[PDB]
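Chains as they are written, first to last, in this note's numbering: chain A, 3 to 51; chain B, 3 to 51; chain C, 4 to 778; chain D, 4 to 52; chain E, 3 to 51; chain F, 4 to 52; chain G, 10 to 58.
Ideal placement from N, C-alpha and C gives every residue a C-beta, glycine not left out.
To start, the structure under review is shown below, and the notes come after it.
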Amino acid sequence: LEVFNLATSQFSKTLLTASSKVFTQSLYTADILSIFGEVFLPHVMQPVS
Amino acid sequence: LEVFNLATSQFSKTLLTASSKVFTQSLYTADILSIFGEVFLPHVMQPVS
Amino acid sequence: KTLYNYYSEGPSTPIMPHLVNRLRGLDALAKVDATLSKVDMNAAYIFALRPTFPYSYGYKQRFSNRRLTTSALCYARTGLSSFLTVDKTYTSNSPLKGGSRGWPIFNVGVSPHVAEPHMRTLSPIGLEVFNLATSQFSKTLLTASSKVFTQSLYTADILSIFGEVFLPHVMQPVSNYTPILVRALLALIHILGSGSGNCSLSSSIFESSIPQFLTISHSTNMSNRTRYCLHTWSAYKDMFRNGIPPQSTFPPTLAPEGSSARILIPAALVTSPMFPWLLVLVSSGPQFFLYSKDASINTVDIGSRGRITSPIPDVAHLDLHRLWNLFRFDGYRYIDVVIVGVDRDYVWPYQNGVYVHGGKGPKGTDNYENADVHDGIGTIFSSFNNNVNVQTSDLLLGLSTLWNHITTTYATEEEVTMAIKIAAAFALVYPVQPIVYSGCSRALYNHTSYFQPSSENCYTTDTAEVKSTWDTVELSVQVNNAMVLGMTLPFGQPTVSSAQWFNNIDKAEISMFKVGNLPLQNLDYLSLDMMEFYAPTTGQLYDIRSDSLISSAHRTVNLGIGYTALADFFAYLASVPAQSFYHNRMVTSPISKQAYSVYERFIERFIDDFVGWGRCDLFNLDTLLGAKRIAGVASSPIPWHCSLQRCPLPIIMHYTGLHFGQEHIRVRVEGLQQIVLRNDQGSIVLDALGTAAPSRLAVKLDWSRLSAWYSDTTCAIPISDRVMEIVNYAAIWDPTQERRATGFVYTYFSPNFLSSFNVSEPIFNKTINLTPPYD
Amino acid sequence: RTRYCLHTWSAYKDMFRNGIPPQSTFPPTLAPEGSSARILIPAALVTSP
Amino acid sequence: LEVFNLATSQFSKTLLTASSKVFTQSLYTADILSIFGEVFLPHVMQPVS
Amino acid sequence: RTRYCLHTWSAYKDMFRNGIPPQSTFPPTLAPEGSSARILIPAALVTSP
Amino acid sequence: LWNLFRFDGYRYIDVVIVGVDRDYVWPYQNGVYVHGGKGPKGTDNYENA
């Protein structure tokens, strides 16, 4: 949802709502957000499977 | 229909996501609509035969 | 409305409200009449930049008995699509077949007027910068900035940049992108080539299609170059610490100034292919010259009967200039490129040997301490280097990306429309107008000052088929100079500047008089949009559904031909003679200045009513009145009776609604006059019947009288003998002339040029049948 | 006769800049010989008579 | 009119933005109204001819 | 006679402190010779007769 | 009658051209070099006023 917000809105921040750095090497850091916004943008726009 | 919905969607076009690649890489980039939606974009905007 | 509606209206009462409602409708038609995104790219370019204008011809005869005529279709086109000169390396002084010794330079200056900005909306980062500007610090004011993303545009440093060098725009967020859009449209049109496919003064030499490959040539003596200085943000900000140095670009810009400007470009966007095309289109131009890679495979020669000769005889020593070379734009003379978000080891990705101030230095060092100035866009951007060969698609990729991004993100539809309307004034280049002369009958030999038939500026080069008897021009040096000096833009303005690259010497003579002016692009808007300081105008990714590059260029060329046609119509209504636009327009007759005075009123009224831009930037009399009659070249003995008319009649009819159908030809009670002349020995010498030509007021009150006037004074032009049917039956009787009798003038096009009208598309290689249908 | 070239999809898209072959290929009717037309056929349909 | 609106606007005059330059650099600074609005400031406050 | 000096805008503003030439130049009517008046003309208008 | 009248006006006037390069050339009388324009020797950015 926050990746979608980054895709559809100009950056603020208030948009960083779910990501955290508490857990090391998890799937919830900012790097994973970058991965999602880079190589999975259409699925972010239209989530299907 | 998925490709049409993607191409007619509203983006923020910031450097965080891949929606900016249409500007930073080239007009003809596959990073949002896949190579197929990009190759067939004009034909799915106006489907005729 | 539709094209069917407009073809059945005709001119009406006041003709200025007419011809502008028609133009707006025709422009609206061109927006939707063809989806060019579903065809091949070359086909799209052909269909956009070279429109066809179909029409049906035909003539009647007095006594027809089993006469067989073909009612076919023809497709009229106007304008030069490129220019053919002698090779830069060519030492002989012999005249080449179809190759001009030089070429015109349409030098455009800088408009003092400012493109009016319109309101924008702040981004959240910009909103917080605004809060910092208008409120005492708290904090609670830091609402959008973050340090999660490294080297992004959302840290506190970018806030400092905005509050330092863009404060007025923070206070009043506005932008206008019309001038860069104008330059982009012109770049596309001049690189590809708009018009009819004619590519020479010879009127019979055509280029088959868009070139596939281009060649870049540099010329120090002939280019119009901009100086560039590359800095990182830290190095650029550090040179203003100890006072203000000379030529400071630091202060913000509301009204752009031609000398010196700064652009702040994020590091992510420097590698975009649009970036060099961004540096071009705001700089001076041309900084390099563009040629078709080889002129043999594209150029053809067309016969009088439509015989295509593919390899023109002397193509080995000819250069095929693009229209890009015939134009000269004044932009910014000095640009400070400031890359934002880079370290002290930053490397210029383009041309080697180029070091960014504050970046990687020559040997191996960081924080380069020199701010080197590079003269010309070619000294950086190796893709613009001398003798570079490039596919046109690769060249245009950056332009298309730039246009798409700007028109979907930064600019509004109004800005794009204004850019189209302005660019249409410089979209096309036309050769000097050729005219013929019927002459006078033998019976009137003693009552005329112009007895013999004649012609002017009628040049052809094909030798395969029969040459037209009216095409008597031979291309000497002085005649070539005169013909180049007679070339015009859509609104009629010529040039008095020209260039020549002969032997091994390149030389340009640039007059202080300019054919027009263009506004500068405020680069602060560009910087702030590229740093996401504004909210985007739209969230769409593609302009295919709205205001694409090729659709915009098609609209621009459509409006440019419309400007040419309406200008010809105005010159007719203002009785502006064709000879007032020749190389010797100043030394021939005092009619020229009066005609300019009358014509400029029509032009300015139209420009204010339709374009809305300040007239003087699009048309003025500076180049007309600064004529340059060169050495000799005597004008042919033709009376000044035909108007300006750069377009064929069917195109003028399309844009004006003028109807010249066969129903206006009389075939069958007394409105004629018996005209009598006597000599000293009381002897009647004329005793002839005559009819009065209509006054322009009568035409104003009844536009069908102009149609009748066409059908009473027009004859089909013969090809092999200089005797028309008309001169055996009719003549012009002007009582206020010392000698009352003259013939007819008839702006001339050429059978070779008219053969190209026989196919729906400007493609002629070998399988095209240009022969007249059914003989 | 007509001239034919056979490509795999991977090889065909790898002969264009950044991949991504052109979107439209229909030529002007007056010049069908000017360019090269293309046909995209899935491997399943190739074996069909 | 833009220059007039700028010069009649309300600022906080803190050291973070350029509105403080009228105090830290000189009374006649171009950093807010450009060199042109600064040169023509008295004449746009009272436009007459 | 009158004495004339010709400057470009860049050169003219670079002969004053921190750039920024003076805002007003109209002299007292009793002393028109005391100072130097200036005229700012765009490059487009210079070529006008 | 032009010769019979004598007018008093400005004695020193600065003419500032706005929007020209450092190689600007005075289109009127030859041998006249604009401050910051083309110099006598063919050099740009003429230093003398």
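Item, Value
"For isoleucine 208 (chain C) and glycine 489 (chain C), the rounded distance between their alpha carbons", "19 Å"
"Of the residues C:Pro98, C:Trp406, C:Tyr78, the one placed nearest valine 476 (chain C), counting alpha carbons only", "C:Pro98"
"Candidates C:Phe291, C:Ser212, C:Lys63, C:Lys100, of which the one nearest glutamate 666 (chain C) by Cα", "C:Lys63"
"Residue from C:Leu576, C:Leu647, C:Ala428 with nearest C-alpha to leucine 700 (chain C)", "C:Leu576"
"Supposed contact pair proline 434 (chain C) and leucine 83 (chain C) - C-beta distance, whole angstroms, cut 8 Å", "6 Å"
"As assigned by DSSP and simplified to three states, the class of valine 340 (chain C)", "strand"
"Buried versus exposed, by CB contacts within 10 Å (16 or more), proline 182 (chain C)", "buried"
"Bounding residues of the beta strand (DSSP E) (the contiguous stretch that carries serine 220 (chain C))", "216-220"
"Burial state of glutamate 12 (chain C), where buried means 16 or more other Cβ atoms lie within 10 Å", "exposed"
"Cα-Cα separation between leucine 281 (chain C) and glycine 37 (chain F), rounded to whole angstroms", "48 Å"
"Contact with chain D by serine 28 (chain B), beta-carbon distance below 8 Å", "yes"
"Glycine 288 (chain C), buried or exposed, once every other Cβ within 10 Å from all chains shown has been counted against 16", "buried"
"Inter-stretch contact at 8 Å, needing at least 3 Cβ pairs: the region 513-529 of chain C / the region 149-157 of chain C", "no"
"Where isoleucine 23 (chain F) meets chain E, residues with beta-carbon distance less than 9 Å", "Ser28, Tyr30, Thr31, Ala32, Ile37, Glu40, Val41"
"Residue from C:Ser554, C:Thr158, C:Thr223 with nearest C-alpha to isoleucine 508 (chain C)", "C:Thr223"
"Euclidean distance between Cα positions of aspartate 17 (chain G) and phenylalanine 29 (chain F)", "15 Å"
"N-terminal and C-terminal residue of the beta strand (DSSP E) that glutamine 481 (chain C) is part of", "Careful: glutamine 481 (chain C) lies outside any beta strand (DSSP E), inside the alpha helix (DSSP H) at 480-488."
"Range of the contiguous beta strand (DSSP E) that encloses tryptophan 11 (chain G)", "From DSSP, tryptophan 11 (chain G) is part of no beta strand (DSSP E); its letter is neither H nor E."
"Beta carbon proximity, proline 44 (chain E) to chain F, threshold 8 Å", "yes"
"Under 8 Å by beta carbon: chain B residues contacting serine 27 (chain D)", "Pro44, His45"
"Range covered by the beta strand (DSSP E) that runs through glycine 519 (chain C)", "519-521"
"DSSP state of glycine 693 (chain C) mapped onto helix, strand, coil", "strand"
"Nonlocal neighbours in the same chain, by C-beta distance under 6 Å from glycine 129 (chain C), ignoring five residues either side", "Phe536"
"In chain order, each beta strand (DSSP E) run of at least 3 residues that lies wholly inside the region 87-141 of chain C", "109-113"
"Within 8 Å, strictly: CB atoms of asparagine 301 (chain C) and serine 197 (chain C)", "no"
"Minimum Cβ-Cβ distance from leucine 43 (chain F) to chain C less than 8 Å", "no"
"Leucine 18 (chain B) at chain C interface by Cβ criterion, 8 Å", "yes"
"Sheet register partners of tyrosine 294 (chain C) (DSSP bridge)", "C:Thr218, C:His324"
"Contact with chain C by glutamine 48 (chain E), beta-carbon distance below 8 Å", "no"
"Test: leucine 33 (chain F) CB closer than 8 Å to a CB of chain G", "no"
"Buried or exposed by the 16-neighbour rule on C-beta atoms within 10 Å, applied to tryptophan 643 (chain C)", "buried"
"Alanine 430 (chain C) versus C:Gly615, C:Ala190, C:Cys645, residue with shortest Cα-Cα distance", "C:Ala190"
"Same chain, Cβ closer than 6 Å to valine 43 (chain G), neighbours up to 5 away in sequence not counted", "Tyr33, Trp35"
"Any C-beta of chain E under 8 Å from that of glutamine 139 (chain C)", "yes"
"Closer than 8 Å to chain D by CB, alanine 46 (chain C)", "yes"
"Near-chain B residues of the region 405-426 of chain C - C-beta to any C-beta below 7 Å", "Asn407, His408, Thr412"
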